[PDB]
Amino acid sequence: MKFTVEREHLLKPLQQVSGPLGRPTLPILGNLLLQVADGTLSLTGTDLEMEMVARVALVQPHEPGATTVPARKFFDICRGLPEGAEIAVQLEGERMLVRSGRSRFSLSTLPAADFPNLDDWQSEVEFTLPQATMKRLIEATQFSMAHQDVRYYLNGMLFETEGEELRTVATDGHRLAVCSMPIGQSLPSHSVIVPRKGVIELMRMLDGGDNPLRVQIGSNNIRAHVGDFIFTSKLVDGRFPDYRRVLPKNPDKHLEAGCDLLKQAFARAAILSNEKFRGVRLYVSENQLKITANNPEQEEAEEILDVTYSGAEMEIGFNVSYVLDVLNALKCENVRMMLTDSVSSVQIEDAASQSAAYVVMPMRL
């Protein structure tokens, strides 16, 4: 194996493939697979559940072959080299030698034959969509995912195809987020759970260019194709909850308010809320919302806002962190809070769009 590549053509691909890799349990998991074949350098990083592949064209003389080298060490060397540095790489048995100017580097290798290989799988549904659409879908729901839960299925994100739309669903049991976006393609119905790190990697590969994203989904796998990068991940088997049964059936009390004004009022009030439970009180009356928070230290905050509201008065408690999470994810001018009573969930949406909806459970305080 032999290749010479300019620093900047190797740098970003190296960062991408290293994504799925802190403390590797076994030595080979800390390594990247390098392959030179048909004038192309393929790089691969894995964690047994997912793979990130980068393909790099070779304009300089090269020789076929494959080896694995430490990801972090090889990335650090290339990054450390000066801009425009020519990086000559050759496999020499047990070591891979890296040369650039009068800089010399020798890396430990493990056989390419020993590198983990995710089994082949048959695609069942395929569609293309803009990178921006995928970014929107992930950023709207990502925060609602559970962290290291025993209910493994909640630690991921549901991906749903229905009609002309692609949909994401995330919930941690306490609060729910759901976002739908049209893609202009007739789709069958699949409901697959994408793991936590898979959601991160999907988000990582969107460089904000106009390169379309090609998505393939199977019974047990998902694949995402952006530019010269191919991401494959195994899916999480389980029974993910339906969002249609979590959405409030009867929201009779609709409140409309400025998103940023609601956000900054909640943020100021949060300062004096209970440090563990993060509870804020909401009193809603005609065209006005009052936000109050108190902690065991006997401290009190109060905020008063002009809103649009015609319904009956009610008092309701919320975990302020959940509300602030929703409002930061919406990033719009006007927000809509769909209420029922003090013991039922709220539905929070963008006032101008039904494409995203949020459900937060009420709180006793």
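One-based numbering along the sequence shown. So that the term is clear: the rigid core is the largest set of C-alpha atoms that superpose within 1.5 Å between two forms.
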property	result
Outlying stretch relative to shown form, 320-328 versus 307-315 in 8 other deposited structures of this protein, C-alpha RMS (core)	307-315
Farther-lying stretch by C-alpha RMS in 8 other deposited structures of this protein (rigid core fit) among 29-37, 296-304	296-304
At least a third of other PDB entries omit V346	no
No coordinates for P24 in a third or more of the other PDB entries	yes
Sequence continuity check, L21 and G22 (deposited residues unmodelled)	1 to 3
Residue stretch of maximal mean CA temperature factor, 7-15 vs 340-348	340-348
Comparing 306-314 with 59-67, the one whose average Cα B-factor in the PDB entry is higher	306-314
Residue with maximal Cα B-factor (values as given in the PDB entry) among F231, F266, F115, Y152	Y152
Member of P82, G227, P111, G184 with the greatest C-alpha B factor (per the PDB record)	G184
B-factor third for the C-alpha atom of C78 within its chain	lowest
Relative C-alpha B-factor of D325, binned into the chain's lowest, middle or highest third	lowest
B-factor third for the C-alpha atom of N31 within its chain	lowest
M361 - Cα temperature factor, lowest/middle/highest third of chain	highest
Ranked C-alpha temperature factor of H174 among modelled chain residues, by third	middle
